[PDB]
């Protein structure tokens, strides 16, 4: 079975460099080009170039050679793409793909892609604040309460409620990216108003990149 398995996601500072691998298997490595394709978030596919596993030759798309080096290791059938002097604008998913060495052959197999995230922000745990239920967040006998997960970097954070025992009515929202480079997100849960005096509600926030867990009790104001 033909497979292209890329390396995992990367988070980098401007000025750094990153090297993404593309592990090939299930086919004669030297019979196929390895292409690299760039996709900035929300954008289209952008051919960056190919490398010939045989001769090691390269064919870079217009001006990508200024900061991209494509190499290969026939010994372990892996191609590499090294991005140099990273800038925040280089943030994108990077794909590898193969096509038969010939003219105009289609890219019949693609790697899963590697997300390269470039940001001047530094790793930072979130400040978790309660979003108290009140009569202004209560509609027809059900109250909304939640947690504000503020000013963290990088993605991701997980939110559960009551250590997973509460999932009905929970809506954790995708994060906003602020102009400071830090993320914030919110998780809200709707519950019966009649339970606010007896049922304790705690959001369990986990930000593994800073090794930070926060269990925030959410009480009526």
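Residue numbers count along the first chain shown, from 1.
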Exercise for the section: Output the stretch having the higher mean C-alpha B factor in the entry; the candidates are 26 to 34 and 45 to 53. Expected result: 26 to 34
Exercise for the section: Taking the mean of the C-alpha B-factors per stretch from the entry, tell me the winner out of 56 to 64 and 157 to 165. Expected result: 56 to 64
Completion exercise
Per the deposited B-factor column, the C-alpha that peaks among 190, 194, 39, 186 belongs to 194
Handout entry: Of the residues 86, 79, 144, 116, the one carrying the largest Cα B-factor as recorded
Key = 79
Handout entry: Third of chain Cα B-factors occupied by residue 91
Key = lowest
Handout entry: CA B-factor ranking of residue 210, expressed as a third of its chain
Key = middle
Exercise for the section: Can you work out whether the C-alpha temperature factor of residue 69 puts it in the lowest, middle or highest third of the chain? Expected result: middle
Fill in the blank from the handout: Of the three thirds of the chain ranked by Cα temperature factor, residue 128 occupies the lowest
Practice task
Taking the values exactly as deposited, rank residue 101 by C-alpha B-factor within its chain and report the matching third: lowest, middle or highest.
Solution key: highest
